[PDB]
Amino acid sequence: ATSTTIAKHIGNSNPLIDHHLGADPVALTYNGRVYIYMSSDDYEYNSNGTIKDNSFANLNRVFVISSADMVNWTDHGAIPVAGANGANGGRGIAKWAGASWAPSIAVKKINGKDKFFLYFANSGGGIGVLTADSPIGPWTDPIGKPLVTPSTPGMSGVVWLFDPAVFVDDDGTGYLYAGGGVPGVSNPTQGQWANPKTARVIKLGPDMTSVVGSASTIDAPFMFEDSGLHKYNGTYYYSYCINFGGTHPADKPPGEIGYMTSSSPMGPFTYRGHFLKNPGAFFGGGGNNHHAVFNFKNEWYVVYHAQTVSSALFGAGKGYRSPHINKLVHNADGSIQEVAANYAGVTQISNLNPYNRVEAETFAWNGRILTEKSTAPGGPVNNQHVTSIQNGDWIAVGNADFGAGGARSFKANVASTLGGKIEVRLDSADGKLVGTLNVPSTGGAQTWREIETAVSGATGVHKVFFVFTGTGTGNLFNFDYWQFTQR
């Protein structure tokens, strides 16, 4: 193992991923997994190949990763949401949309079946929705135009009609929160900074792809963007990013996550405080806050973004954002403690079972690979593979539990022009070697075989490292999934 981690270091849980970016995260919790959906931040370049600042040019997909344990993330690739103009090479789903910013996600049981709803902003003018029968697609545009526009009743007044947050209440009623911006164009007055009156909530129809009635204004003091809604102990918590302009009182600090409570989903809301500092307070930082509060496996968390990967690569964030999660604590009085955002992140919640098929693109740490959509036969929806594998690269999973009996063999599904090796190591990238898998030439990068090799000494709970070696100077092979067999 020679390659180093970019930003998510072995033993740490933030950023969630560092083999690519992901901005504006939101969480769905569903049947033992947490799914994180993100705007498609993607490095932009000058014509001479040098990196430039993020201009949001490429925000036309939604990236999706998921975990059962907070440490190992399955990369589910990208949903080609935007279909207008050039976007997504004709494969875009929402043909009316040139952009798909800042996703929101909901599940609702309809006609005895779980149905999933992905919301997004077509830049600053309109919210769209796609539907699917699984949290990872495939996705359908059931409307063919925006769900919400400035003409939706109650939506006039909104400066930036974006950053949707959709919540399905306990009674099954869906609600959409959206909006932000500050009125007064180039020079808002002090009062316009303090009360933009640009946040909205509107009830959704039963189908989750329509609205009922008109939108209500939520008077979020110093509103900026990044609506969020969670419900704790019967109270609805509307959270949002506080703006950066005007003078601010001590209790509404610029760029921080403010929150309000109500006994009803549409209000009236009352400001209660703030619980997440600007990312640059912790990682410095740079730039805008975006967040979502969620409960997964019976603990409260917040997912948010920071410029921690681009920072480590370039020596500046440059507007490129990565997801992080930390714990969130409600007090006895219903108030929320300041979130202690950091790199350590959340300690692994459960062990990984190495005797099922595990996607190669399910990993906790890597140095340094990419994931992309795979040509491998079979596999889960939107199956990906690990690629850009060179000599000395590796990926690793957290706490695989081999059990006291331990493993007998190791299978890997691979595609290779010239061949190479996968070393299986415990605990560290130079750790106990339990097996070495020889990847043959298979026919090339799109031709697949499952290879088996012997394993010995794999028992108990260990980080497992897959270390890639070979004589080539570029990509050695593509790696789709693996599985151990029990002794």
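Position 1 is the first residue in the sequence shown; the rest follow in order. Between two forms, the rigid core is the largest collection of C-alphas that superpose within 1.5 Å.
Here the rigid core sets the fit, and in 4 other deposited structures of this protein the C-alphas of 39-47 stray farther than those of the other stretch, out of 39-47 and 420-428.
After a core fit, the C-alpha atoms in 4 other deposited structures of this protein lie farther on average from the shown form in one of 254-262 and 283-291, namely 283-291. Mean C-alpha B-factor is higher over 181-189 than over the other stretch, the pair under comparison being 181-189 and 347-355. If you average the C-alpha B-factors over 372-380 and over 76-84, the higher value belongs to 372-380. Each of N31, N60, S55, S66 has a CA temperature factor in the record; the biggest one is found at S55. Per the PDB record, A412 has a higher Cα B-factor than any other of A412, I93, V148, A102. Per the deposited record, the Cα B-factor of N12 falls in the middle third when ranked against the other modelled residues of its chain. The deposited CA B-factor of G285 belongs to the highest third of values across its chain.
Among the modelled residues of its chain, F244 has a C-alpha B-factor that falls in the middle third, as given in the PDB entry.
For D169, the recorded CA temperature factor ranks within the middle third of the chain's modelled residues.
Annotation for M266: CA B-factor lies in the middle third of the chain's modelled residues.
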